[PDB]
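Enquirer: here goes the first bit of my complex:
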Amino acid sequence: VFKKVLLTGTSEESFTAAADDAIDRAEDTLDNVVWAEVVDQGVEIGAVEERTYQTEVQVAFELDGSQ
Amino acid sequence: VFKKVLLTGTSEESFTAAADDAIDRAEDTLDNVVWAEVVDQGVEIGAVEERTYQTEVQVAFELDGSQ
Amino acid sequence: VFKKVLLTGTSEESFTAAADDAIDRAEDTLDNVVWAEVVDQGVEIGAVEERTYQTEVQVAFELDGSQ
Amino acid sequence: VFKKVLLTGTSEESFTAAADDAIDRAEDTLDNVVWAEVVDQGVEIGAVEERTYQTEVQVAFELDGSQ
Amino acid sequence: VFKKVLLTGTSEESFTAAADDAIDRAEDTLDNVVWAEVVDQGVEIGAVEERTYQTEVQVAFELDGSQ
Amino acid sequence: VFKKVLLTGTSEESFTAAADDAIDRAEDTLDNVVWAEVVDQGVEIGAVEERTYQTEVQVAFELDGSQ
């Protein structure tokens, strides 16, 4: 059984780096992370000093573990 | 990093009040709730005494916290 | 078996009241109405005296009855 | 020919009132506003004092005018 | 308030049995599971000995409990 | 001209059998049923003794008949 958590990563550099930010957080807290699907991308502009790219991903992990 | 939980709030009054019900529950259990996106709305009819409006929301919260 | 009819309710007050308008009509003509799913919302402006909120719902009813 | 502008209205009261906020702004600046279609709804939470409901609408107006 | 978890069940027999696999896991760990909505289906081929059917479901459970 | 009715079939066995349940009901009441398109699948859990698989289909029938 796989379970997915919906995380939005952020980066001041790129959409790829924002996806990595989310995946990094998932790997810090969950075992057996296996893949991530991008579901949305955007850019925060007014409210931050530098534009901040955001990439929302469903990050899937295999259970027999970490729900 | 933001994380989202998918909650369906209910209200016997309105769709707005059903969205608030879900957000209220999120704030009872999570720190740093920042926004909610409506993803579905419906009405429970047969099975309840009074029609019950339901609003499903993705409620986003900022981590460095509450996963 | 459930069957659904696609109805657009109207109200000069709110989207919730427009959903109720459609459900009310379904209950006037069908037995065993069990739930409604919102599929669209809009507002009629030019053509009416007062803005008219509209909510389109799939209204589900249980058969062994009313097709 | 109709043209649409994509506006997000806000309200501290309800989703219907947030749709009205957007339509009100359209009527302040455009002639012949004829209808609005809801395309998204959400709630701003962290960043405001009171939750702020938002309703995004495509507001249509008839040209021979106001592009 | 209902909450949903996004689980992908697997089965070497059928899509229905893969949906049951996910629901079974949800019932092992959560109280008040009430329904599941299918959101995707697929088949793992290269990487397994036997084709493995997968069915992804949003499994809903009623809170006053198990978040 | 074809017309479609939106029916949700149920089965305690499988998604295929739930699609058949809906089609069976359509054939009991309509002439010239020609095809069905699956539009949603789900499982009722809490509220029934046994899980009940549901498959929602648009069932198309040719008119010159049965509207």
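Expert: Sure thing, it's come through. Numbering: from 1, shown residues only, chains lettered A, B, ... in the order given.
Enquirer: hmm, residue A:4 and residue A:26 touching each other?
Expert: No: at 9.8 Å, residue A:26 does not count as touching residue A:4 under the criterion of CB atoms under 8 Å. (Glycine included, C-beta is placed from N, CA and C.)
Enquirer: neighbour count: the two, which is higher?
Expert: residue A:26 (23 against 20; other CB atoms under 10 Å in any protein chain shown).
Enquirer: can you give me phi and psi for the more buried one?
Expert: phi -60, psi -40 (degrees, to the nearest 10).
Enquirer: kindly report the same for residue A:17.
Expert: When read as degrees, to the nearest 10, the backbone of residue A:17 gives phi -70, psi -30.
Enquirer: how about the one 5 residues further on?
Expert: Reported as degrees, to the nearest 10, the phi and psi values for residue A:22 are phi -70, psi -40.
Enquirer: who's in contact with it?
Expert: Contacts for residue A:22 (CB atoms under 8 Å, 6 or more residues apart in numbering or on different chains) come out as A:7, A:8, A:9, A:36, A:55, A:56, A:57, A:59, B:1.
Enquirer: a strand runs through residue A:58, doesn't it?
Expert: Yes: Residue A:58: assigned to a strand according to DSSP: H, G, I helix; E, B strand; the rest coil.
Enquirer: and the closest residue to residue A:65 other than its chain neighbours, how close does it get to chain D?
Expert: Among residues not flanking residue A:65 along the chain, residue A:31 sits closest, at 5.0 Å (CB to CB, 6 or more residues apart in numbering or on different chains). Using CB to the nearest CB, to the nearest Å, residue A:31 is found at 30 Å from chain D.
Enquirer: please slot chain G in as well:
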Amino acid sequence: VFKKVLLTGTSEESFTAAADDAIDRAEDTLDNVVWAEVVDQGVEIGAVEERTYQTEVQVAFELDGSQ
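Expert: Adding chain G to the chains above:
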């Protein structure tokens, strides 16, 4: 209250003429037909002598009447 029926019109000439075919059938059997929304278009090839264009429309009619 408006109600919609989902009809697929056919024509050996064009997609517009296939939409008209469906609307024509609706007007033969229902009062107060007010608009139609196109939801799908296709072409039947193998099975007919001449290609047959099909246009599926939700045809809306105002009730106080014809459900």
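Enquirer: surely residue A:10 is in contact with residue A:52?
Expert: Yes: counting by CB under 8 Å, residue A:10 touches residue A:52, with 5.2 Å between them.
Enquirer: quick one: common contacting residues for these two?
Expert: Common neighbours of residue A:10 and residue A:52 (CB under 8 Å, 6+ apart) are residue A:44.
Enquirer: run through the residues of chain A sitting next to chain E.
Expert: A:1, A:2, A:3, A:4, A:6, A:58, A:60, A:63, A:67 (CB under 8 Å from any CB of the partner chain).
Enquirer: which of the residues you listed sit farthest apart?
Expert: A:1 and A:6 (17.4 Å; CB to CB).
Enquirer: just the buried positions in the strand or helix carrying residue A:25, please.
Expert: Element membership for residue A:25 (DSSP states H and E) is helix A:15-29. Neighbour-count burial for helix A:15-29 flags A:15, A:18, A:19, A:20, A:21, A:22, A:23, A:25, A:26 (criterion: 16 or more other CB atoms under 10 Å in any protein chain shown).
Enquirer: doesn't residue A:35 make contact with the third one?
Expert: This points to residue A:19. No: look at residue A:19 against residue A:35 with CB under 8 Å: they stay out of range, at 11.4 Å.
Enquirer: which residues are common contacts for the two?
Expert: Joint contacts of residue A:19 and residue A:35 (CB under 8 Å, 6+ apart) do not exist.
Enquirer: I'd say residue A:6 and residue A:55 touch.
Expert: No: if you go by CB under 8 Å, residue A:6 and residue A:55 don't touch, sitting 11.8 Å apart.
Enquirer: next one is chain H, place it on the structure:
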Amino acid sequence: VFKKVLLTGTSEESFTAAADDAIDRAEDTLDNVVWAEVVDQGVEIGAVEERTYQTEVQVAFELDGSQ
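Expert: Following on from the chains above, chain H is added here:
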């Protein structure tokens, strides 16, 4: 950079002619119109003397110009 305007053209003849109506209006008011994407089609029935076909298009134009 390209920018798009969302226009609904109308025609008493066909969906293609309604798309042309919208594009014609865009070319009357904007420089460098390069393409149009159809996003919706429908037919106005009750409210007009003759059925009026409508085609909604995103019409794209290249800037260094006409925003």
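Enquirer: follow-up on the earlier one: now do the helix holding residue A:25: distance to the chain's middle.
Expert: When distances are taken as CA atoms, centre = their mean, to the nearest Å, helix A:15-29 is centred 4 Å away from the chain's centroid.
Enquirer: dump it to CSV, restricted to CA.
Expert: C-alpha atoms of helix A:15-29 as CSV (Å, rounded to 0.1, in the frame of the first residue of the first chain):
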residue,chain,number,x,y,z
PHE,A,15,10.6,25.0,-9.9
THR,A,16,12.8,21.8,-9.9
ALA,A,17,14.5,23.0,-6.7
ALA,A,18,11.1,23.8,-5.1
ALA,A,19,10.0,20.1,-5.9
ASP,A,20,13.2,19.0,-4.2
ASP,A,21,12.5,21.1,-1.2
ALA,A,22,9.2,19.2,-0.6
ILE,A,23,10.7,15.8,-1.3
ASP,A,24,13.6,16.6,1.2
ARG,A,25,11.1,17.4,3.9
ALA,A,26,9.2,14.1,3.2
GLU,A,27,12.5,12.1,3.4
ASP,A,28,13.3,13.8,6.8
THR,A,29,10.0,12.5,8.3
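Enquirer: residue A:61 contacts residue A:26, correct?
Expert: Yes: Residue A:61 is within contact range of residue A:26, at 7.0 Å (criterion: CB under 8 Å).
Enquirer: who touches both of these two?
Expert: Common neighbours of residue A:61 and residue A:26 (CB under 8 Å, 6+ apart) are A:5, A:33.
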